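Below, in structure tokens: the form deposited without its partner chain, a single chain.
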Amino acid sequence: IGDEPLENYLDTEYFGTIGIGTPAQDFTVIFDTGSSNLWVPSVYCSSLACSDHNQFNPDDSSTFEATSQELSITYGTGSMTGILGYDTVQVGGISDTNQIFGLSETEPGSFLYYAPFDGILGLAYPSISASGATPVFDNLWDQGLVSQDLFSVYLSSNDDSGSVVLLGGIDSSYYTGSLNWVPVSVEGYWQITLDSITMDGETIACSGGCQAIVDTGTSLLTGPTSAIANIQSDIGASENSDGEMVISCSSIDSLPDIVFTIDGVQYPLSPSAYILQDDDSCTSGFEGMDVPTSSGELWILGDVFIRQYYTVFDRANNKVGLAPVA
């Protein structure tokens, strides 16, 4: 098993330290179930983000092997380009020998300047990996570095230390009751069929089944702008001058749970999960966004669902298991 602890930063990002090379150079990265590529800032990046973050130096760690394969990758927050390479990556206790990863060359857009992490570690299927680069987990299994072809995620609420990604094992005590093994839909993202979304006695959003991705690399619960406008006035949100989706925190004291039924089992999301009380006010945790070019209208069950549910992503059995935490 590998134990990779994660820093919870303002309940909006969750990242961990991995070390690349021998001797280990040190990097912060998100562990993202919505991408499959690992990259680095390298020393050949002159972008603003790159003056701001730890940069890998190929020259100084003795096990790297260079490649002439390039890596361009577009995401929702912006884009980056780099070159691939092989080095040992120390992750959660395991020395993943000869892992291919990206050394970035450019990283535009100020998102990545302000972002507290250096790079990205993707945990979804190799299908979505640009350049066909072998994703970390896949490379741990191909080497037998793990006993079980599954990894489990724990994500803390309230800014407490303790979120972890158990590489190759499940920690039974992190959840109450039993796991419920839901099947995947398309093998690329951790995509599953959502049967409905109900407020109180009546369905408000998936009246015919919707498709959802289970995604640690996003803070909010997102669905399409249509269904979402519909949830926003239901919970009582309004537009603020700035653009914020404002709600009164009193609503936590008076609003009922929303229920997402995934493959038979009803999973509730309480108001203290989907309405955030921040240093500013209370805003909704539902965000409008429309799905990217190569896929059909995705719902993203982000950090606001994961925090409340122990999730296991079983590669061996192509299933996701879910259980109420604690």
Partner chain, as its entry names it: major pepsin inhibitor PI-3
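Positions refer to the first chain, counted from 1.
- Across the two stretches, 235-243 and 143-151, the PDB entry reports the greater mean Cα temperature factor for 235-243.
- Higher mean CA temperature factor between 189-197 and 210-218: 189-197, per the PDB entry.
- Annotation for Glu287, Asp26, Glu70, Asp263: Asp263 ranks highest, by Cα B-factor.
- When the C-alpha B-factors of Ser129, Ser95, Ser161, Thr203 are read from the PDB record, the largest value belongs to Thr203.
- Per the deposited record, the Cα B-factor of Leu48 falls in the middle third when ranked against the other modelled residues of its chain.
- Ranked by C-alpha B-factor against the other modelled residues of its chain, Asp118 falls in the lowest third.
- Annotation for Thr63: C-alpha temperature factor in the middle third relative to the rest of the modelled chain, per the entry.
- Looking at the C-alpha B-factors along this chain, the one for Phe111 belongs to the middle third.
- Sort the modelled residues of the chain by CA B factor and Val259 lands in the lowest third.
Just so you know, the form deposited with its partner chain bound exists too; it's not on screen, but the next bit is about it.
- Within this chain, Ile300 lines the site of its partner chain in the deposited complex, having a heavy atom no more than 4.5 Å away.
- When contacts are judged by a 4.5 Å heavy atom cut-off, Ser127 counts as touching its partner chain in the deposited complex.
- Within 4.5 Å of any heavy atom of its partner chain in the deposited complex lies no heavy atom of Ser152.
- Using a 4.5 angstroms threshold between heavy atoms, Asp290 counts as touching its partner chain in the deposited complex.
- When you look in the deposited complex, the only residue of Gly169, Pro256, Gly78, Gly236 with a non-hydrogen atom within 4.5 Å of its partner chain is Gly78.
- Proximity of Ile73, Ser110 and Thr218 to its partner chain in the deposited complex is complete: all three residues have a non-hydrogen atom within 4.5 angstroms.
- Here the chain stands by itself, but in the deposited complex one stretch of 228-236, 102-110, 248-256, 170-178, 102-110, has heavy atoms within 4.5 Å of its partner chain.
- Of all the residues from 53-69, those having a non-hydrogen atom no more than 4.5 Å from its partner chain in the deposited complex are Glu65, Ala66, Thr67, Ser68, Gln69.
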